[PDB]
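Engineer: Here's a structure for you.
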Amino acid sequence: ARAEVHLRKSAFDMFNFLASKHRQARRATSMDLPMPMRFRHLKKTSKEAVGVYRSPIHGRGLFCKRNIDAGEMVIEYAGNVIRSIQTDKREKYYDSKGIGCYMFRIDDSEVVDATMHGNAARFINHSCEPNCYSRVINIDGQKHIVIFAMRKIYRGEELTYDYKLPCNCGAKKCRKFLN
Amino acid sequence: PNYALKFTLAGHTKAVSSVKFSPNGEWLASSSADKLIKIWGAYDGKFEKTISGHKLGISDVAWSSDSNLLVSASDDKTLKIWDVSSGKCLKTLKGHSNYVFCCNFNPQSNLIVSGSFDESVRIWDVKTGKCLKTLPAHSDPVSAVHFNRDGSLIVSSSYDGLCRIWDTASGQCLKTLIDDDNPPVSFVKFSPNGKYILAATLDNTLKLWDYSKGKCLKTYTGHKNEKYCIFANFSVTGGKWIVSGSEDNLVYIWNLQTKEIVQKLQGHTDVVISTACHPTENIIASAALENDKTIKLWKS
Amino acid sequence: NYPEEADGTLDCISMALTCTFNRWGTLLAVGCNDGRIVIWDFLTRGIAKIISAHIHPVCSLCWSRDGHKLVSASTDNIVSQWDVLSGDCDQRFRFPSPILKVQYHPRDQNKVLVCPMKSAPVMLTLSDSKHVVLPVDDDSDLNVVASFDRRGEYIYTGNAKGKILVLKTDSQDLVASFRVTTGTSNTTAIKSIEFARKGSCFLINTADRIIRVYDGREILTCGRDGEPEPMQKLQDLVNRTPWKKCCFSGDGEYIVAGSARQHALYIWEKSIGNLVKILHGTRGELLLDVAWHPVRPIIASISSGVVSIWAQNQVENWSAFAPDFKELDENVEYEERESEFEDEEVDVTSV
Ligand SMILES: Nc1ncnc2c1ncn2[C@@H]1O[C@H](CSCC[C@H](N)C(=O)O)[C@@H](O)[C@H]1O
Ligand SMILES: [Zn+2]
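Residue numbers (my numbering), protein chains in the order written: chain U, 11 to 189; chain B, 28 to 327; chain P, -16 to 334.
Put into structure tokens, the structure is as follows:
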């Protein structure tokens, strides 16, 4: 009230989602339809099946409002497909800038960064007993990081997979090592 | 550049919350958190009335364009609406979970923007008082907002260096004023045409940003503004002066043509948090916090 | 732009009959079964003003050239000029008790055109109680829908037999007249005559459930007794879908039409005129009225007092919240570098 100059001002976050509320077989990815049909379904339906909400696990997350089936596709981790030595340059850069580093790879040649270019798959937390995993698929010569499910993922459950460092997983199978 | 002290509007019992002119240019009234919105005159400091009838203190009072209707951003987390003409308890409007720090009006005088400390810019109704919308503004409380020349935009003064020019009708973030620094943005306002931005970041440097292009043009040197959310103004009645409050017991008024120290006014005994300009004539509102409790009529 | 999803409603007042936006689209008057003067605000989605007027269902309503005067038509032939300040009666005399349309001249709130049910359209002055009856060739239809154009030049009087007859607003000049048949068996009962907001591209609703787009410029080019082909024929493909009301967009770019059967509504354009979206709804609801807003995709849908609104095509994304974030569509591999390592006095009050 105009006299007590208070702290807790800067956030160091490029995104600003923290609102007052932050309200957290038919489909081809569960069918035996071919991989181009599943991949064409994935980009059209990851925009409308899941959503980004504020995460009590860590930061902001991916809180689905739908009974996600077992083994099906959920989201595609698409961002800056940079070379493997541009990884260290952007790691030093966003160490100097404070933005969190998001570098999950396909192989040991080029690593998908998710800092400038990215999607809603930046907001995937880590549970050591997760509900998803990933498999390297092949579409049109390109490779795509596709998050395949594990079980029936209910309404409200945040989406996590195995990344392969103490985590906020909350699970009892916790490794605390992600190197 | 010869603003001379005329009178003293003494009578305040706490830190003077605001000193803003009426839109008729005839009522430099004032308020404080003592539940005493002290309605004073403009040319001599003649007493008119005092609005009371709150529960807790008062943060902000804002002027409707008829110089009469006053909404109070009172610290009991209400939006109690009062009047220069009558002073009736018109609408007591609760709803905000934290302190309603600042309040402003559109130039159409039919919306109540509510910059509270609850990190949610809600909008309220003049006639009845419905919570119209709720802007997912920031992870920071709100210190200052403003509408443009008609009321179609909402500028934000966040605390992590963000000035999001919000839409008013559809109500989404249109442009985010970006800065690699994250200063506590204190008091933003649109230009009187609606096409330039004066972002008062707390680095002892005022920043005039373009709205169309978006880059800074001119700054100011040699002023003390780091802690408090010191208000800045625009003055074209004399020169192109920029009226602002002070912390070293001055009245910070300098020119965009000069950008340096060319005129200083003096006499306060506390931090001047609120300043204002007369729209036509050369009357400048200058009043500090609790250790002054006086309003000093500077006049060229 | 083109409104898509649910958006809720403002069902604050029941028994709603008709609805009209002002000159700027920004006000709204709804005469009801009792026929009250009920006014709203739109950004607040709140009620502006309620004034009780009569007991009858007030059918026809129209604003003024400034958007500040009004007109009414109840069941008892009450045809006055009304106001938005006080809203008081000026004129009232005999008509046949079913009344269809009154219509100000779009450049003069003196000239008004009264269209009864089974009578000739009669043009009245509003200086006094003068009335001018427009000529009817048939006098067997007694159903000749007439309307001023958007500017104020001509009156387009079309019977129930598909015959077009154009009259000038003061001298009844037959500068154009024709008739239309398609899939030629006979003519068609003309359902309505429409007009856009930008220019003169317009259309005609016909009882064959087919909507044909026209333009008055080529009509005046052919003049009288030409063969004006439609710009675009609009209809339903799978089914019949009989129509109750059609309307343009706020400039005449989209064309959205309201069915009379299903409460599931269809959207077209003008240039392409594609069925871009079926706006669905509850099947157990009777659509009664449709209104459209100029600068906003408002669908004012009166369904027996229920006035429901669908207003979208604004989908939020990033790079306005966080402009550093560059949303790729698919995997963009690149390298941004080929080598990976003044005192202008600008006016701030320039109005
Ligand atoms: N479950 C978890 N517990 C703790 N840290 C996690 C985590 N999941 C991911 N992280 C780490 O935390 C970072 C996420 S950034 C935090 C979320 C988001 N940026 C926001 O606050 O809006 C990543 O770099 C990741 O390495
Ligand atoms: Zn963990």
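Ideal Cβ placement from N, Cα and C applies to all residues, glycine included.
How long is the line joining the alpha carbons of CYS45 of chain P and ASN300 of chain P, rounded to whole angstroms?
Structural biologist: If you take the alpha carbons of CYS45 of chain P and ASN300 of chain P, they lie about 40 Å apart.
Engineer: Assuming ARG244 of chain P is part of the alpha helix (DSSP H), what are its boundary residues?
Structural biologist: It is not in any alpha helix (DSSP H) - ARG244 of chain P carries neither H nor E in the DSSP assignment.
Engineer: Is the beta carbon of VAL127 of chain B sitting closer than 7 Å to the one on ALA100 of chain B?
Structural biologist: A contact, by the Cβ cut-off of 7 Å.
Engineer: How about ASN90 of chain U and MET126 of chain U: are their beta carbons less than 7 Å apart?
Structural biologist: Yes.
Engineer: Nearest by alpha-carbon distance to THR224 of chain P: which of P:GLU236, P:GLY241 and P:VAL21 is it?
Structural biologist: Per the Cα distances, P:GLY241.
Engineer: Would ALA37 of chain B be called buried (16 or more neighbouring beta carbons within 10 Å of its own) or exposed?
Structural biologist: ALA37 of chain B should be labelled exposed.
Engineer: Could you tell me whether the region 200 to 218 of chain B touches the region 51 to 70 of chain U, where touching means 3 or more Cβ pairs closer than 8 Å?
Structural biologist: Not touching, per the Cβ criterion.
Engineer: Check whether the Cβ atoms of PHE258 of chain B and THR302 of chain B lie closer than 7 Å to each other.
Structural biologist: Yes, Cβ-Cβ distance for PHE258 of chain B and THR302 of chain B is below 7 Å.
Engineer: Take every Cβ of the region 151 to 162 of chain P, pair it with every Cβ of the region 171 to 179 of chain P, and state whether three or more of those distances are shorter than 8 Å.
Structural biologist: No, they do not touch.
Engineer: Say whether chain U places a C-beta atom closer than 7 Å to the C-beta of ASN231 of chain B.
Structural biologist: Closer than 7 Å: no.
Engineer: Quick check on this structure: which residue in P:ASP326, P:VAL290 and P:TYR249 has the alpha carbon closest to the alpha carbon of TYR(-15) of chain P?
Structural biologist: Of the listed residues, the one whose Cα sits closest to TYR(-15) of chain P is P:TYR249.
Engineer: Using Cβ-Cβ distances below 9 Å, what residues of the region 302 to 317 of chain P are close to chain U?
Structural biologist: The region 302 to 317 of chain P vs chain U, Cβ under 9 Å: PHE304, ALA305, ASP307, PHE308, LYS309, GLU310, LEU311, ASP312, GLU313, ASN314, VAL315, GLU316 and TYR317.
Engineer: Can you tell me which of the three DSSP states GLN96 of chain U falls into?
Structural biologist: Three-state result, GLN96 of chain U: helix.
Engineer: Going by Cα to Cα distance, which pick from B:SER327, B:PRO50, B:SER183 and B:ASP71 is closest to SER136 of chain B?
Structural biologist: Checking every option, the nearest Cα to that of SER136 of chain B belongs to B:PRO50.
Engineer: Since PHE49 of chain U is in the alpha helix (DSSP H), which residue starts that stretch and which ends it?
Structural biologist: From DSSP, the alpha helix (DSSP H) with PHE49 of chain U extends over 45 to 59.
Engineer: What does residue 328 of chain B reach in chain U if we use C-beta pairs closer than 7 Å?
Structural biologist: The first residue shown for chain B is 28 and the last is 327, placing residue 328 of chain B beyond what the model contains.
Engineer: At 4 residues or longer, what runs of the alpha helix (DSSP H) sit wholly inside the region 70 to 141 of chain U?
Structural biologist: You should have 96 to 107.
Engineer: Does any residue of chain U have a CB that is nearer than 7 Å to the CB of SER147 of chain B?
Structural biologist: Yes, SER147 of chain B lies at the interface with chain U (some Cβ there is under 7 Å from its Cβ).
Engineer: Compile a chain-ordered list of the residues in the region 103 to 130 of chain U whose CB is closer than 8 Å to at least one CB of chain P.
Structural biologist: The region 103 to 130 of chain U vs chain P, Cβ under 8 Å: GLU120, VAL122, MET126, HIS127, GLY128 and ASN129.
Engineer: Could you please give the first and the last residue of the uninterrupted alpha helix (DSSP H) stretch that includes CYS72 of chain P?
Structural biologist: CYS72 of chain P -> no alpha helix (DSSP H), and no H or E assigned at all.
Engineer: Got a sec: does ligand 1 put a non-hydrogen atom nearer than 6 Å to the Cβ of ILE67 of chain U?
Structural biologist: Indeed, a heavy atom of ligand 1 lies less than 6 Å from the Cβ.
Engineer: Bridge partners for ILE67 of chain U per DSSP, in chain order?
Structural biologist: Paired residues: none, contrary to the question.
Engineer: Between the region 291 to 308 of chain B and the region 248 to 263 of chain P, do at least 3 Cβ pairs fall closer than 8 Å?
Structural biologist: The answer is no - the region 248 to 263 of chain P does not touch the region 291 to 308 of chain B, with fewer than three Cβ pairs under 8 Å.
Engineer: Can we count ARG70 of chain U as close to ligand 1, meaning its CB is less than 6 Å from some heavy atom?
Structural biologist: Yes, ligand 1 has a heavy atom inside 6 Å of this Cβ.
Engineer: My assumption, with CB atoms under 8 Å, is that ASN141 of chain U sits in contact with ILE163 of chain U. Please give the rounded CB distance.
Structural biologist: So it is a contact: roughly 5 Å between Cβ atoms.
Engineer: Run through DSSP, which three-state label would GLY142 of chain B get?
Structural biologist: Correct three-state label for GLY142 of chain B: strand.
Engineer: Pick out whichever of P:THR189, P:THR152, P:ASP156 and P:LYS181 has its Cα sitting closest to the Cα of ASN169 of chain P.
Structural biologist: Answer by Cα proximity: P:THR189.
Engineer: Using the rule of at least 16 other Cβ atoms within 10 Å of the residue's Cβ for burial, across every protein chain shown, is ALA274 of chain P buried or exposed?
Structural biologist: It counts as buried.
Engineer: The alpha helix (DSSP H) that contains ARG200 of chain P, what's its start and end?
Structural biologist: Residues 199 to 205.
Engineer: Helix, strand or coil for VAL88 of chain B, going by three-state DSSP, please let me know.
Structural biologist: Note: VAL88 of chain B maps to strand in three-state DSSP.
Engineer: How about the region 172 to 181 of chain U and the region 283 to 292 of chain B: do they share at least three Cβ pairs that are nearer than 8 Å?
Structural biologist: No: fewer than three Cβ pairs fall under 8 Å.
Engineer: Within the present structure, is the beta-carbon of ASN135 of chain U separated from the nearest heavy atom of ligand 1 by less than 6 Å?
Structural biologist: It does: the Cβ of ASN135 of chain U is within 6 Å (strictly closer) of some heavy atom of ligand 1.
Engineer: Using DSSP with H/G/I as helix, E/B as strand and the rest coil, what is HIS39 of chain B?
Structural biologist: Coil, per DSSP.
Engineer: Go through the residues and name those whose CB comes closer than 6 Å to any heavy atom of ligand 2, in chain order.
Structural biologist: Ordered along the chain, the selected set is U:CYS138, U:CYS177, U:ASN178, U:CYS179 and U:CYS184.
Engineer: Would you report the Cα separation of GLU327 of chain P and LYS245 of chain B, rounded to the nearest angstrom?
Structural biologist: In a straight line, the C-alpha of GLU327 of chain P is about 9 Å away from that of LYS245 of chain B.
Engineer: If contacts are defined as beta-carbon pairs under 8 Å, then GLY122 of chain B and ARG176 of chain B qualify, I think. What distance do you get, rounded to the angstrom?
Structural biologist: Going by Cβ atoms, the distance from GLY122 of chain B to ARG176 of chain B rounds to 28 Å, so no, they are not a contact pair.
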